[PDB]
Amino acid sequence: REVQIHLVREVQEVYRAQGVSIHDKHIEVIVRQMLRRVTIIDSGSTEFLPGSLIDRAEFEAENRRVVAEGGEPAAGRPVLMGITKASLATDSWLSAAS
């Protein structure tokens, strides 16, 4: 939350200086998309390659399944991604093919 708030304020400062007013709602909509993924430090009982970006909700579901099975959770840390990398890793193949 702290880094998200910092990003919103920092973007807003440029437009405030220049003289264009943009409500922070719009900036927050994008910034939510920026911080929607985690990174894996160690695999363990999970089948996740180290250094692989992963969806947050899917990671939590996988951990919920692996602890129920009896496997230790993977080392998952939230990570910020640039817009380019964030957009490159979509889900549907028909969209990603373009």
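- The PDB entry annotates the chain as DNA-directed RNA polymerase subunit beta' of Mycobacterium tuberculosis.
- In the PDB, the title recorded for this entry is "Protomeric substructure from an octameric assembly of M. tuberculosis RNA polymerase in complex with sigma-b initiation factor".

1. Brief notes about the environment of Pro50
So, point 1. You can see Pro50 is positioned in the loop between strand 1 (37-40) and strand 2 (53-55).
So, point 2. Along the backbone, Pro50 and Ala74 are 24 residues apart, and their C-alpha atoms lie at a distance of 9.5 Å.
So, point 3. Among residues more than four places away in sequence, those in contact with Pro50 are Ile40 and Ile41.

2. Overview of a nonpolar patch on the surface
So, point 1. A cluster of nonpolar side chains, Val11, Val14, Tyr15, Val20 and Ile22, forms an exposed patch at the surface whose accessible area comes to about 380 Å².
So, point 2. By relative accessible area, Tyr15 is classed as partly exposed at 36%.

3. Structural notes on the environment of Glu28
So, point 1. Along the chain, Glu28 falls in helix 2 (residues 24-34).
So, point 2. The class of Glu28 is partly exposed, set by a relative accessible area of 44%.
So, point 3. Residues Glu28 and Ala96, spaced 68 residues apart in sequence, show a C-alpha to C-alpha distance of 24 Å.

4. Overview of the nonpolar core
Side chains of nonpolar character tend, in soluble globular proteins, to be buried together.
So, point 1. Core analysis: the biggest nonpolar cluster contains six residues, these being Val38, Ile40, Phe48, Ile54, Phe59 and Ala74.
So, point 2. Those residues in contact with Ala74, other than ones at most four positions away along the chain, are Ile40, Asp42, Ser43, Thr46, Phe59 and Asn63.

5. Re the pairing of strand 1
Along any regular strand the residues' side chains alternate between the sheet's two faces.
So, point 1. Burial along strand 1 is two-sided: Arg37 and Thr39 facing one way and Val38 and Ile40 facing the other are all buried.
So, point 2. The sheet contact formed by strand 1 and strand 2 spans three bridges and is antiparallel. Looking across to strand 2, one finds that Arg37 is bridged to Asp55.
So, point 3. For strand 1 and strand 3 (residues 76-78), the ladder comprises three bridges, and the chain directions are antiparallel. Within strand 3, the position partnered with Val38 by the bridge is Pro78.

6. Comments concerning the pattern of salt bridges
Working definition: two side chains of opposite charge can pair if their charged atoms are close together.
So, point 1. Following the criterion strictly, the structure yields two salt bridges and no others.
So, point 2. Across the pair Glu13 and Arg9 runs a salt bridge whose closest N-O atoms are separated by 3.6 Å. One end of the pair, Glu13, and the other, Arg9, are both in helix 1 (residues 2-18), four residues apart, so they sit about a helical turn from each other.
So, point 3. One salt bridge in this structure joins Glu62 and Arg65, with 3.5 Å as the shortest N-O distance.

Reading the values: the criteria
- Each chain carries its own residue count, running from 1 in the order of its written sequence; this scheme can depart from the entry numbering, and residues that have no coordinates do not appear.
- Part of a larger assembly is shown here, and the values speak for that part only.
- Excluded from the side-chain calculations are hydrogens and water; all other atoms, namely the structure's heavy atoms, are used.
- For helices the rule is a DSSP run of H or I covering at least 4 residues; for strands it is a run of E covering at least 2, with both sets numbered from the N terminus onward.
- In this description, contact between two residues means that some pair of their heavy atoms is separated by no more than 4.5 Å.
- By definition, no residue in a patch forms a salt bridge, and every one has over 30% relative accessible area; like charges are joined within 9 Å, nonpolar side chains (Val, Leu, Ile, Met, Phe, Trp, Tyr) within 5 Å.
- Only the protein chains shown count as cover for residues, with accessible areas throughout obtained via the Shrake-Rupley method and a probe of 1.4 Å.
- Put simply, a salt bridge is a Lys or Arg side-chain nitrogen that is within 4 Å of an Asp or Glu carboxyl oxygen.
- The rule is simple: take the accessible area with a 1.4 Å probe, protein chains only, and divide by the maximum for that residue type; under 20% is buried, over 50% is exposed, in between is partly exposed.
- What is meant by a nonpolar core is a set of buried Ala, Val, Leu, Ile, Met, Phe, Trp, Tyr and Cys residues, joined one to another through side-chain atoms within 4.5 Å.
- Should DSSP find at least two bridges between two strands, the strands are taken to pair.

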